[PDB]
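**Q** sequence, then the experimental structure. Questions to follow.
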6 protein chains.
Amino acid sequence: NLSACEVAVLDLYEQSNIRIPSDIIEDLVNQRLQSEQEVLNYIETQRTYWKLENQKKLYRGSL
Amino acid sequence: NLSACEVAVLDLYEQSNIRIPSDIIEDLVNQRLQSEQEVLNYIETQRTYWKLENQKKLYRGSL
Amino acid sequence: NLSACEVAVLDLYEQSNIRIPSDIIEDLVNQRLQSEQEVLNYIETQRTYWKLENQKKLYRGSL
Amino acid sequence: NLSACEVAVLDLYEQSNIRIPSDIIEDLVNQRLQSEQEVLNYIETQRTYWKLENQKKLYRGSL
Amino acid sequence: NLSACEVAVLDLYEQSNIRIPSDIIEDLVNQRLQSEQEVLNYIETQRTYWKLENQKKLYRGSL
Amino acid sequence: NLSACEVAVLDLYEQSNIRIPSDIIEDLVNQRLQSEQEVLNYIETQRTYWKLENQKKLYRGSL
DNA sequence: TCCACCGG
DNA sequence: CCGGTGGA
C-alpha cells in the first residue's frame, strides 16, 4: 500500500521487465521521497548496491 | 527460523561479510534442501540471478 | 606477528607495491590457512570485496 | 572517539550499509576537517583510492 | 645494459610508440624474468599499476 | 633535493597516498615553477599524460 | 553521463 | 555471455 509517485516508478520498472529486489522496496518505504525523480534515483542507487553485493565472491574453506 | 544446514551456509556468508537479499532467503525456505552443498549452490545461483537483474538497464521516459 | 606463509604472500604484494587494506589483514589472521596458494586466493577474494564495496555509490539527500 | 561532523557522515555511510575500510578512518582522524562537506569529499576521495588500489593486478611468478 | 629478451620486448613497445615509465624499468631489472612472455606479462601488469595510480584523485585542502 | 613549494605539493600527494612516477619528478625539476598552484597543475597534467600512455594498447607478434 | 567495443 | 574500459 504505497505512495502514488512510488507506484508510478515501480511500474516503469515493470514496463522494462525488471524485478526490483524486496529489500529495496522495504528501504524505499521508510523514506517518503517526494518527486518521481527522487524515487528513480534512490532505486537506481540501490540496484547498484545489490549488483555489487551479489558479485562479491564467496571464500570457500569447505566447497 | 531455519534448518541446521541452512544456518550453516548463511553463517559462511556472514563470516565473509556478504548480505544475502531477502528474496533469496524466501525462495530458500520453500525448498528444504538436504545438504549444505545444495543450499550453497542454490544461493549462488540466486546471487547470479540478481546480479544480472540489478544490472538490467532501465528505459526512462524521464530523468 | 603471523604465519610464515602469510608473510610469504604479503611480501609478494609488497614487491608489486600494492597496499593491502588492513581489514583484509584482520580477516586473514582469523583463518589459519595452510598453503600459500590458499592465502593468496583468500586475499584476492578480499580485494574484489573491497573493490566492490568502495564502488557503492552514496545517496545524497543533503549535498 | 571522534568529531561531531565526522560522526554525522560515517552514519550516512552506515545508513547506506557501506563499510568504510579502516585505513580510511585512520586517515580521516589525521585532518580534523571542519564541515561535513569536507569530510564527505575527503572520504569519497579515499574510496576511489582503494577501489583503484584493490583493482591493481598482482604479478604471479609462482602459482 | 639489459637482458636480451628484456631488450626484445621493450623494442616491441617502441614500434607501438609507447613510453614505459622509468619506474617500471627499475622494477623490471630486479627480477631477471626468463622468457619474453613473462617480461611482457610483468610489464603489462606494471602499466595497469600506473594507469591506476595516476588516476587516483588528489584531495585539495587549499587549492 | 628541491624547491620548498615543490616539496609542499609533493607532500600533498603523500598525505593522499599517491606515488608520483619518477619521470614526473624529473621533468618537474627542469622547470623551476614558482607557486604551488603552478607545480600541482603541472604534476596533474603529467599524471594524465601517463594515465593515457600506460593505457595505450600493445600490438603483440607474441600473444 | 551514456553508448559502444574488446577482453576474460 | 558478462563484465570492464574507453570514447563521444
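**A** Sure, I can see it. Numbers count the residues shown, from 1 in each chain, chains lettered A, B, ... in the order given.

**Q** is the strand or helix carrying residue A:50 in proximity to DNA strand G?
**A** Element membership for residue A:50 (DSSP states H and E) is helix A:36-55. No. Legend: contact between helix A:36-55 and DNA strand G by C-beta under 7 Å from any atom of the strand is lacking; minimum distance shown is 8.6 Å. (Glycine included, C-beta is placed from N, CA and C.)

**Q** so which elements touch that helix?
**A** Packed against helix A:36-55 by the contact rule (3 or more C-beta pairs under 8 Å, 6 or more residues apart in numbering or on different chains; DSSP states H and E) you find helix A:4-15, helix A:22-29, helix B:36-55, helix C:36-53.

**Q** tilt between the longest one and helix B:22-29?
**A** Compare the direction of helix B:36-55 with that of helix B:22-29 by axes from the mean of the first three to the mean of the last three C-alpha atoms, to 10 degrees and you get 150 degrees.

**Q** now the residue in chain A that chain D sits nearest to: closest residue in space that isn't a chain neighbour?
**A** For chain A, the residue closest to chain D is residue A:49, as judged by C-beta to the nearest C-beta, at 7.2 Å. If the residues on either side of it in the chain are set aside, residue A:49 comes closest to residue C:56, at 5.5 Å by C-beta to C-beta, 6 or more residues apart in numbering or on different chains.

**Q** one step back: ranking the helices and strands packed on helix A:36-55 by burial, who's on top?
**A** Of all the helices and strands packed on helix A:36-55, helix C:36-53 carries the top mean neighbour count, a mean of 20, counting by mean count of other C-beta atoms under 10 Å in any protein chain shown.

**Q** contacting residues around the residue nearest to residue A:49?
**A** For residue C:56, the contacting residues are A:48-49, A:52, D:16, D:18, by C-beta atoms under 8 Å, 6 or more residues apart in numbering or on different chains.

**Q** identify the farthest-apart pair in these.
**A** Using C-beta to C-beta, the two most remote members of those are A:52 and D:16, lying 12.1 Å apart.

**Q** out of the contacts of residue C:56, who's nearest residue E:38?
**A** Nearest member of those to residue E:38, counting by C-beta to C-beta, is residue A:52, at 33.6 Å.

**Q** residues contacting the closest one?
**A** Residue A:52 is in contact with C:52-53, C:55-56, counting by C-beta under 8 Å, 6+ apart.

**Q** relative to chain E, how far out is it?
**A** 19 Å (C-beta to the nearest C-beta, to the nearest Å).
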